[PDB]
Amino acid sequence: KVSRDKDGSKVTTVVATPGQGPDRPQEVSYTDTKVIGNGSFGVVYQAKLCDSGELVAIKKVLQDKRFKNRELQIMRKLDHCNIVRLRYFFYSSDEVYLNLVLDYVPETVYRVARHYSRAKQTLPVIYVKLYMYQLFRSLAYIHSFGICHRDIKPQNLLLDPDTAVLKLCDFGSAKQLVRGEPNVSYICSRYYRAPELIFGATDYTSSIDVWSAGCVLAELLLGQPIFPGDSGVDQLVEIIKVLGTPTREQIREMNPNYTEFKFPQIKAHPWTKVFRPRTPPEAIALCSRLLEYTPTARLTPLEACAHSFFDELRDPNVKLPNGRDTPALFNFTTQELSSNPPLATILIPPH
């Protein structure tokens, strides 16, 4: 149903299923439709809900009538203050397309980081603290269902610039991981791709997203990607220029069934000398505990939230630089704490 309104604006009307709650299709009307993105998956639009005037993203993907949609199924399970809400899905135009209708979120971490790096400055550490902590929160939520995003990268970290709320988005590579069932290795964006994936591992874990997260923290301290690989294997070169060649024991922990890369024995660069001189040590320390070769040695997301780097966040006297209070950082559910319930003592200050 394409019509015009009281003011002659082009209104689209569609029959859409709520994203969460009962499978009960209501009619939905939106206008001001424009393309804000595209990829292999399809197009992303901005539109405005008529009824409420709220802004949304609509991700339009092609749907194999016969195949069921992985991304849809995950989006429908998820409800978290740091994950973008699926409000509705619907279908449209002899091929069938799936449309996901999500909260619009005005900025991303990529676009913010660039503003700074183009002006040769680093994001103040309080912005880095707020963003990383919230990302780890989102990761802990989803990893507690065995869901692994597999494309953690700054362009997929939305933020509201006034509240500093972070919403994880683009579950187009997400997948519930299953011990024993193999996974594609060419996944995740080059720079944020965990080393085991570059080695062809098909039996990895949700700890690949922690690496991805480390690459981002690093990026926000550095002002540029830490591992700027030109190609899939050059990435490994770049990881090695910092971490040095891994032990054989590490290379096993990543992928037991691997192949010959045969690179020169380079020695590990000192961590502190990677970053600029005033870089908070707490930050560099956390960085080190994320960017480990041995996937099982990387912190957990809940573990990462608990790191001393995020102590300033747990200060009662903390405010956003614009004077407003911090978004809800402490209101953990049971599902969120499942991975390690006793960490609640640190993550939840009295106040």
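Residue positions are given as counts along the sequence shown, with the first one as 1. The term rigid core refers to the most C-alpha atoms you can superpose between the two forms while keeping them within 1.5 Å.
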- Query: After a core fit, does 67-75 or 134-142 show the bigger CA gap to the shown form in 9 other deposited structures of this protein?
  - Reply: 67-75
- Give, as the answer, the stretch of 265-273 and 163-171 that departs more from the shown form in 9 other deposited structures of this protein; the measure is RMS Cα distance after a core fit. 265-273
- Message: For the step residue 121 to residue 122, what size class fits the number of deposited residues with no coordinates, none, 1 to 3, 4 to 9, or 10 or more?
- Response: none
- Note on the structure: Looking only at C-alpha temperature factors in the entry, 260-268 or 78-86, the higher average sits in 260-268
- For the C-alpha atoms alone, is the average B factor greater in 214-222 or in 171-179, going by the entry? 171-179
- Residue with maximal Cα B-factor (values as given in the PDB entry) among 193, 273, 111, 143: 273
- Message: Quick check on the deposited entry: does the C-alpha B-factor of residue 45 sit in the lowest, middle or highest third of its chain?
- Response: middle
- Lowest, middle or highest third of the chain for the C-alpha temperature factor of residue 14? lowest
- Message: Taking only the Cα B-factors deposited for this chain, tell me whether residue 277 sits in the lowest, middle or highest third.
- Response: highest
- Item | Chain thirds of CA B-factor: placement of residue 57 | lowest
- Within this chain, which third does the Cα B-factor at residue 29 fall in: lowest, middle or highest? lowest
